[PDB]
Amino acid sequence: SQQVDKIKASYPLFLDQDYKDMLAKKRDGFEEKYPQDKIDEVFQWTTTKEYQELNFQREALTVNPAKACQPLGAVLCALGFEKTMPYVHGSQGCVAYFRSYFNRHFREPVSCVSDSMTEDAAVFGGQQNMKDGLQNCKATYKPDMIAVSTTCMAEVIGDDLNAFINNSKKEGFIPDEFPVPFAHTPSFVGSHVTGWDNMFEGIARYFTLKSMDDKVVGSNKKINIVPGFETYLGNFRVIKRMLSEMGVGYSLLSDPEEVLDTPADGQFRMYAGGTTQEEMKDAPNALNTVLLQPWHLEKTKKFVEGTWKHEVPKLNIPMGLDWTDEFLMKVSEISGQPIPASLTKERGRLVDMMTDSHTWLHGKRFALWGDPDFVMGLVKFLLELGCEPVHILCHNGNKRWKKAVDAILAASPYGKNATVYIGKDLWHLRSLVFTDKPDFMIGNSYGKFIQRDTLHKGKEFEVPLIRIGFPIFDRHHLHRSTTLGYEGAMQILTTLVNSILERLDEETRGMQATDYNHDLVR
């Protein structure tokens, strides 16, 4: 039933007695359900050290991964170029998923095409799909560039992108001068961040490899910036703002911040902003190239060093106080620009906030996950705040990256109780937050199911989620936030200490029980 003045959606409609009785009858009559005592016994077992030991012995099964596949990263990279259409050679189901996954995180349109290879292409491959697909995409969507990646069926059949694109131009499907950079992006190698690196290196090769003779390092007096796979708008914006405040000439190579934030003014803009073709063509004339997320830009690094002859600096992601400091000092050295009064003062305002909030942060224990550069920067900042990052999970991490994070932990007393896990998933992390319970998780929306599981054990065992990472689907507009630079560190600090204080308020809200500590002032 409904009352027209106060309509109930699924919650709380299905708590009405008639619905509850109906669902009891469904269960008892037809579901042959395990008895509640058996469900409770199994649940309790899944919280134990014995279960954790079996869980960590898995070799074949993955449960609740914390990574995605290469072409998702190729798409995001392509979206950062002016009037560029991401094009994925292969199976169309993939593109529906890529678009939807980004749609839900950015709450924006996400433009991407397929060339709709089907079973028939296994005999002969996808050459015709590339010909008609490039012609059709250019005519219909009027991009100035089509950036080509692959799905797994195209990789397994062995389609030669370079030959197929060259034949499309040879046979008149698209103009010879029309740019069609490409990258092979197999989903069974690496992760989405590997797709970003592959795509970027392909675009860089397209515009520079055959035009190197007239280049002179430093001649344009700029610094190239390569952001990597980045899903916070504020992270593109803070880097541009800091370099502009410092009077540093720069080119941000792959910059989707406009196309992921168009205004709602009565028109749809398929394309907006982005790195220009002239910027990519000119990039070898820069002083140097800085990689913001070096642990997924290794192929780009080899190209930039080997072909552009840039001496890419050994810099960590600019997260937290020390690594933002190091980024600005190295940019100052390269550019010759001093660090301005404005950024010195912003730094000091972050340090002020640290001094103001250190008593509530001290000793707090975190489980956290995400991509390798993000993770290592979050670990570093947590150590700077006097926090303990006790469960560090990077599903798509590697042994070299782990050694680097272990060295960061070893150098801080706040790292004594921390362990780094690579190749492990959110079902592994669920065990750790039961067996060695931290105060909070910092992670993406998939963490809400771990919080749900921990509450089921009891309120005292609940581990609240703090949403920082990708994807975030269950809150609105967090993609506008910043994690880089002093601004990012200020936002992170504020989110962490207020998550602590909101939980303490919950735990002290009980009238005549715990509200002796329900302080007005904290």
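Start at 1 with the first residue shown and count on from there. Take the two forms, find the largest set of C-alpha atoms that superpose within 1.5 Å, and that set is the rigid core.
Here 435 to 443 and 122 to 130 are scored by the root mean square distance of their C-alpha atoms in 4 other deposited structures of this protein, with each structure fitted by the rigid core; the higher score goes to 122 to 130. Here the stretch with the larger average CA B-factor, out of 304 to 312 and 430 to 438, is 304 to 312. Two stretches are in play, 48 to 56 and 64 to 72, and the higher mean C-alpha B-factor belongs to 48 to 56. Highest CA B-factor among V226, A147, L209, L368, as stated in the entry: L209. Among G386, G195, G377, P389, the highest C-alpha B-factor recorded in the PDB entry belongs to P389. Per the PDB record, residue ranking by Cα B-factor puts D325 in the middle third of the chain.
Annotation for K240: C-alpha temperature factor in the middle third relative to the rest of the modelled chain, per the entry. Ranked by C-alpha B-factor against the other modelled residues of its chain, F164 falls in the highest third. When all modelled residues of the chain are sorted by CA temperature factor, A341 is found within the highest third. Compared with the other modelled residues of the chain, the Cα B-factor recorded for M353 ranks in the lowest third.
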